[PDB]
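[1] opening piece of the complex, as it sits:
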Amino acid sequence: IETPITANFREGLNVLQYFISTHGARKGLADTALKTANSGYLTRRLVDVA
Amino acid sequence: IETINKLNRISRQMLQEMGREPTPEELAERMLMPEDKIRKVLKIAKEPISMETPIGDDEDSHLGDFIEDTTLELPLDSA
Amino acid sequence: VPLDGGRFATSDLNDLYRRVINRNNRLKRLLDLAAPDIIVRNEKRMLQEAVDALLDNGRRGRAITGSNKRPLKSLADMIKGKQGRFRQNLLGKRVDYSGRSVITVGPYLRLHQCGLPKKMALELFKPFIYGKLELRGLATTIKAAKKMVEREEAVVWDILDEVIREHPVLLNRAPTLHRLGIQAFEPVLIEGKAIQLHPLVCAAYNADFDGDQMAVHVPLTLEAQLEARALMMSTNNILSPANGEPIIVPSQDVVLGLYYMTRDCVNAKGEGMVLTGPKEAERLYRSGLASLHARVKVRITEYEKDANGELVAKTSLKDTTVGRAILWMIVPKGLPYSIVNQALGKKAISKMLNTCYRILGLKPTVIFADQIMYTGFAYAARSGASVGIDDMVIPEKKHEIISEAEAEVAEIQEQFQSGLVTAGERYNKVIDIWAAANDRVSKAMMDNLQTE
């Protein structure tokens, strides 16, 4: 969606963009929390036959 | 089993009438039984605990832990 | 088994094998008398359900409930599911002699040792200091050696120091997703209750210094002693198979201080003066009348490999600095001058280690990497970097960028009322305009941070 951030971390940002950035932060945290199980089962698959 | 059921019914009636815990001294004064016999009957009657008993939320904490076998003695005593 | 509180610990298998024999005896009592056939078939399929539940309970739609309001676990569930008798006790299980503690930053040593603490070395090398103490004759029996090791005299620590030397002990970190997580080093007597680790080889562990308490595993037998000796030391397995580049290359304070240490700039305080000897150059730098980034003419003695293992000394006039001359004094008898004649940064230290490991040797490469991390730890503390609010800057271009951006957004809002702007065209226009604005911010920030 349209409007980006205007300031930066040094000048100080507002409440609205800070609420928007949580949607991208915690989704990436959920991705890096959940993808490790599939990666581990795949690297289980590759060493399993061997 | 009959004596345990009788003592359970008397304890339930006594907790209903009085309103507090069934102290066994009044049971011994009522049913003319000795107090050590009441202690023995209250001590024997207990259901055993199963071998799984899920404690935590994860499927890692179950039994086969915190229980040790005392038949296997120390290697230092054998040495 | 009776518990400490007098409670009893029985299994559900006891309940299954009790009810099966109970209804088997009840079937015997029904078949020894004249029973109706409905009762006989009832007892038979109850026996059938009980035997097939004792074999495997709870893989069909209905199971046995009413033990402790949980669904019942049978004998096949020890093997089949996540509980896993195989996975728990057959291809890996609980073993004696181990320990784990918080990792602690200290170089403190050469690369073949990493900081094992005092009390864990006392606890885990305890039968060893029974065995090497009873033989030498400082105690009568081992029962007296019990008391002599819990009283903890200084001769016990002396025998323990005799035991610990020449003993590589295994260290692993969970999970071991690659093979470089497990490797052995020999201990040293330090003070404290925390383990330490060699800071240069932390790329092989994939671990940050915050905790996680990696474990230590002790080998006992002499064949396990030689297995921990030969193919466990990190000098013996230095390069990984997966990539075309080794993973004992640093990217740290070492690299930051080395990039500050090899950088040059034209400034004052003795530039362009000629000396013969890089040791004279570093002595003149340590005397105080010099500059770290100055242009100093030092005669560099350059060596070159022969066809079958000799060297040719070539000393001429080379354009170098103070720090490049010191780094030339770091390397013993090796790589040509074109290696040191560039701005040594991220990829350059990997190129130096890659040429050093491939051309010249193994043990001078280990010594060379050890001297690199030594001089990195030296000139990092010599550097002394800092971050302030006046270090990072934001120019006055950002107000003009925001003004032009809101002017173009106002132009979009004026052209939206014409009736020929859809949602997708306006969406693509907003993406293109703000992407060009972000690229203009990035180029302005690059052009304003590379200058000044």
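    Received it, and whenever you're ready, just let me know what you need. Residues are numbered from 1 along each chain as shown, chains lettered A, B, ... in the order given.
[2] how about the contacts made by the nearest residue to residue C:39 once chain neighbours are set aside?
    Distances taken as Cβ to Cβ, 6 or more residues apart in numbering or on different chains put residue C:30 closest to residue C:39, at 6.4 Å, once the chain neighbours are dropped. For the C-beta atoms, the positions are set from N, CA and C on the backbone; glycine is no exception. Residues in contact with residue C:30 (Cβ atoms under 8 Å, 6 or more residues apart in numbering or on different chains) are C:39-40, C:43.
[3] burial of residue 1, as a residue count?
    Since you didn't name a chain, this refers to chain A. 6 (other Cβ atoms under 10 Å in any protein chain shown).
[4] to clarify, I was referring to chain C.
    11.
[5] kindly report the same for residue B:42.
    Other residues close to residue B:42 by other Cβ under 10 Å number 15.
[6] would you mind measuring from it to chain C?
    According to Cβ to the nearest Cβ, to the nearest Å, residue B:42 stands 12 Å off from chain C.
[7] in which helix or strand would I find that residue?
    Secondary structure assignment for residue B:42, by DSSP states H and E: helix B:35-44.
[8] can you give me the buried ones in that helix?
    Judged by neighbour count using 16 or more other Cβ atoms under 10 Å in any protein chain shown, the buried positions of helix B:35-44 are B:38, B:41.
[9] ok so, going back, give me the element the residue nearest to residue C:39 is part of.
    Using DSSP H and E, residue C:30 falls in helix C:12-31.
[10] on that earlier part again, what's next to the helix holding residue B:42, contact-wise?
    B:3-4, B:7, B:24-25, B:27-28.
[11] closest residue of chain C to chain A?
    residue C:430 (4.9 Å; Cβ to the nearest Cβ).
[12] tell me the secondary structure for that residue?
    helix (DSSP: H, G, I helix; E, B strand; the rest coil).
[13] for chain A, what are the nearby residues on the stretch 351-452 of chain C?
    Within reach of chain A by Cβ under 8 Å from any Cβ of the partner chain, the stretch 351-452 of chain C has these residues: C:389, C:392, C:394, C:402, C:427, C:430, C:434, C:438.
[14] and then chain D:
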Amino acid sequence: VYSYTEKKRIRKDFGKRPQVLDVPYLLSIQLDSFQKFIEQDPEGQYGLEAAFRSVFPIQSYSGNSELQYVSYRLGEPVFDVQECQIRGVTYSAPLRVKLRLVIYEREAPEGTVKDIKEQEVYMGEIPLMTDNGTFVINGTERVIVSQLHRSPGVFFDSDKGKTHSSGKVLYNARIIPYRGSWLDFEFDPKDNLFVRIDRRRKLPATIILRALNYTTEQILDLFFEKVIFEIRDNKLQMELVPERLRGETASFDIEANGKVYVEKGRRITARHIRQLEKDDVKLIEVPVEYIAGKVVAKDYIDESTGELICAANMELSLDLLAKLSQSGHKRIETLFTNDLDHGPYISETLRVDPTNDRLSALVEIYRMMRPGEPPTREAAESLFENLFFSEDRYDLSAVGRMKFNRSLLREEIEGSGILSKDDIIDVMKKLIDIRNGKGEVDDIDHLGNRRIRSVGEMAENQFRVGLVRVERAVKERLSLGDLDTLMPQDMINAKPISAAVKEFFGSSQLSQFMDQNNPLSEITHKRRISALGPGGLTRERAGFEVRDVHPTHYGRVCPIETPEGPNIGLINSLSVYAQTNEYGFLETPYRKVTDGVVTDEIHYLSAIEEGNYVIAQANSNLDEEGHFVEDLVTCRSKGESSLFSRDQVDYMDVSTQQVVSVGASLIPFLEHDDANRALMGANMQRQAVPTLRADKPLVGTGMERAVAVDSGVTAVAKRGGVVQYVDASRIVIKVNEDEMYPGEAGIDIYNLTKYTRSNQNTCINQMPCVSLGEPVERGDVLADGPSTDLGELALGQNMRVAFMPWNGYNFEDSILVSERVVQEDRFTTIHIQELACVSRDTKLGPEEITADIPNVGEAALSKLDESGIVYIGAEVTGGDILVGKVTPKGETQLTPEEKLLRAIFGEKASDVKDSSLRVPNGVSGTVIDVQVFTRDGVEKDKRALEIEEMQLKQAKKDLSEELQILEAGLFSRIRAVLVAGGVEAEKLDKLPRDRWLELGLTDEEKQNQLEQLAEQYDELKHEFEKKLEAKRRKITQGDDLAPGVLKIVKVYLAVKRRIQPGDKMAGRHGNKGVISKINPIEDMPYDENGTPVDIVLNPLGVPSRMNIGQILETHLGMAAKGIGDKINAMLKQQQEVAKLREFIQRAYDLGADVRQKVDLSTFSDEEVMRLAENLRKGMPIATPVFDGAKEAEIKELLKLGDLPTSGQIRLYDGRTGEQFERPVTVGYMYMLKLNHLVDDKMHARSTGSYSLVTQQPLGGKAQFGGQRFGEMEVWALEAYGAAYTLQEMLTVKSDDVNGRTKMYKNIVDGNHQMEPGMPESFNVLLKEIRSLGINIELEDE
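    Chain D goes in next, on the same frame as the chains above:
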């Protein structure tokens, strides 16, 4: 204006936005849940009375007797919260319920006057709430966590993505009950409608309609719109509404009172349907082939004979129209069919479903319910009435009924507990309208679709379960037999209700332990909202899109508060100002703005009222006297931002400080940091342990005053007064007579108890800090808790960070500390422990406690008492006897070598075992206090006498002091009587106090006054002797102990836990690392004054870990401590108070756009001196969240402290003495000490006890164990050239008994051989394989 605690010391708050009314009471969520549950309701549709109206009255199967209910009441608790904190026996309150028995007559149908009885029947226990907020259960304080479930409502969902990959959009309808069968309506990809009543197998749509005694024509009249076709003797003419030919190709010539309108083959356009609407054509001549092929609605019977010519749901043909024309039925009412817009799909369902009547429907429904039964009518009809039309067995949640009426767009917010026949028709009509494309699919993640399960609602659910668990047996006892001599007291039991209550409060996964580290984490664990529970959001089927935050959580739920890992952000916590309504939803206040004039009144808005209109945000510029500044003000329109004019702004928030919770908003610089490390800050602070003696922090917020006294850790004054006596164990107060109670004199004596135990092993002190008596009022601070200094929270203390690189020690996010932290006991935490003793009766001899223990020397017995107990404060060492204990031994059976040794040396070795209490690997320390429980039948035997006199010293002596305080006023009243009675001034002080009643005056009113004074003294003595007996009675009877156990001795410890050179401790922004070894003050750098650097951090951690708040936090701390050092330098000279007054006035007026004008000119000189003694260690700063200090203020505030606007002044080297090439900031910032202590997690084993199956070498915390390895380490060791060291780890040190037996003999003799034998776990595997009944063997080599 302000409180006296703020008159003592005050800080600077900038405040760029003006504020309105502050943070409310923090624990209003947990307390009101109960206050709506226990407190009595006059209307009675709340709390327990809702369950007592839903269940009661109970009517038996015979109908000759019933049970009635009136009300309930609560009694006084037996034990207090302090005695239940010390010992702890089920802190609750008994429930009293009066019941009436109504017995009907046999002859009279309504003979209710036969037998009416009234008595008392006991119910059980109900635990009250310590108003501080802890469920006190048997000495272990807990709470319960509020849940977050989907609640009763009718919202829809889409079925796309994975299933139905052909490209068919399918929806479903889900009716959510409260207690019954969960109703499911779904679609079919071949254009049908399915019904899944309590989903196990699919059912058609019309079977539930035909089960309600409905015919075909009633369904076609209610759902479909019917069109009448008319015939006048040659033609086919229809009554067509003209707005119905949209999207239909005309295949004939339309001639209606004029010319041809629509050509043959042209679709009906806009002007054609406009002209057909303008003409108002009633009859349209349609051809034969248009009607022939449609479906009629009614059953057109024959008027000649009465047979069925055509039935319902029958396709028309060419001969059928001729038969209907010859029969005379010229009112063919054909159903309107529009495949594009409308839905004929229920007619297709009628085509598929072959059932006709209710008897054909109920058989199939009852076979779908329970297969394996012959079909009946009465049982299926009763099952239908009890599953769908019942109230006692099927509740429907009146708030959920309001949600039903909101979703179905009705006007009545009340309803019944049964499902009406119109609701199913309305929800099917809504589902057909959504299938047609007129509706909208509601998302799951709305806040109007989740209901808060608080304490009282879950208590109502558990009370309903426990009452259904009794009422069946109550009905059985009513229908059991005789009713004349049978009383209702012995009928209703008390065991199952109280048993279910105590098992839910001590066995549920939500009812867990608390966290006594620091009280902000206590508030966090109080107002925590979980998602897992009784059928809630299970993490195995966790919502992948539910886990992402919804844009309507702006101001309701804190977006960042969760622990990383398995407990992912599904479990959250609510925000600061947001509370809950009585319905069960979240709400937040907004202030009123009327036509640009910003007023003062505020109102609360629900979840569905946010996305309708304009909601403004707080960072917009506001002007004086109401109006705005800028024409373009950003706001929130339906969850999206917009830029518009002035008059469209409806509401506005009060201030920014609300979108995060309290644990995030205590960080003052959250607006300059990334969201990831701000998420990490919450679970960095909520596991922090405070030090021994901390000080006042520097960088805080203004909301530290709330979480303080509003948490409840500090002692709150009841109504104020003058402090009379100050001690470190007890403080009292003298209340003024104006605010005194009119009954008698009230004295608030404070029996504060220090150093109590916690289950996280922490030390708690409440630190009496008050001076001699000052006038205090309501809402003051009298006791600073374990993490508070002067009311507000003092969590940790500030260091001096100079993040500069060092020789390999600050390598990758590690910490260098100095040697000055050890000297003044800085960073010193105290961890205390709790132990216990067991003594159980055996069959050969009971357990005894004697100091005389055989085979133990007197050097280990000198520390014990004559009973065998360690003295209080004795320094213990690992391997000492804590509690002496003898044990009767049986028969001695030993080897003949030891019997030969016994025959040679000559020790008898009698039957006394050494089973005394010893500490395994004992961590040394100091015993706090020994608590010993006694037995009612066994004599206590001399031990607990001293603690009995200690319990008598905390007894009546304090009541004697209160009696002396009352006796002072009593003697003052006696003196006021004796002066007013006669002239007595010199003959009263010389006489003793007891020789006053023998004086006899004249017969007048003063004799009656003296008689009343004597009766008042006798009444005070009679009141004193009652609790004189009662306290001793409570100490005597308060010894309930577990059966089979004689007595239990508790032993406490105190380690004081000095600084180990490797720990886990960091700052507030989430840079967690490990402290390396301690370098001294000599190596570490210093400054021009000569002070060495206290602590060193990571210099490259700043641009890589994206933390910005660290730098300006360091600058604020440096500038504030420079101001404090200037205050100290002014204090060093005996200076005139006027220029100090001017200095404090200019320091408070330093801000340009600052609020909170300090009333500073009204302080006295001693108050200014106390303010200087408080601001000695720096003037603390307070910056609010999302409102920060601009850098010009930082520059002009550190220029005040004689700094050249850089903060980097000349770090000198400590090793060589030279100066650095570029200086580093030597400023001050604030950091906290964590809970991860080193040797509590560190453990290592050599030997021990082995387990049963595969001998399972035990491990864990306080178990003397080690670490195993998984199959990952097996693959890692097989990746090397190592072969059988892994095999050694597999068998030799793991399960080979003879293997390790030979191995230990090889090590103790110096052989070092392995000799592998046979693994026992593989033998256990072979026995588990052979337990099935199939063969397995080992082929011999």
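[15] can you check the neighbour count of residue A:1 again with chain D included?
    Residue A:1: 8 neighbours (other Cβ under 10 Å).
[16] around chain D, pick out the residues from chain A.
    Within chain A, the positions near chain D by Cβ under 8 Å from any Cβ are A:1, A:3, A:9-10, A:12-16, A:18-19, A:21-23, A:25-27, A:29-30, A:33, A:47.
[17] one more time with 6 Å
    A:9, A:12, A:14-15, A:19, A:21-22, A:25-27, A:30, A:33, A:47 (Cβ under 6 Å from any Cβ of the partner chain).
[18] ok, now chain B?
    Counting by Cβ under 6 Å from any Cβ, chain B sits next to chain D at B:16, B:19, B:42-43, B:57, B:68-69, B:72, B:75, B:79.
[19] closest one of the residues you listed to chain A?
    residue B:57 (17.1 Å).
[20] for that closest one, helix, strand, or coil?
    At residue B:57 the chain is in coil, as set by three-state DSSP.
[21] does chain D sit close to whichever helix or strand comes after the helix holding residue C:30?
    Next helix or strand after helix C:12-31 toward the C-terminus (DSSP H and E): helix C:37-55. No. Judged by Cβ under 6 Å from any Cβ, helix C:37-55 makes no contact with chain D; its nearest approach is 6.8 Å.
[22] which residues of the stretch 1001-1150 of chain D lie near chain C?
    So the stretch 1001-1150 of chain D meets chain C at D:1044, D:1060-1062, D:1064, D:1072-1074, D:1076, D:1099, D:1102, D:1111 (Cβ under 6 Å from any Cβ).
[23] from these, which land in helices?
    Counting by DSSP state H, these place D:1102, D:1111 in helices.
[24] in chain C, which spans are strands?
    C:98-100, C:103-105, C:169-172, C:183-185, C:195-197, C:215-217, C:274-275, C:297-302, C:314-318 (DSSP state E).
[25] most packed of those strands?
    Among the strands of chain C, ranked by average contacts under mean count of other Cβ atoms under 10 Å in any protein chain shown, first place goes to strand C:103-105 (a mean of 26).
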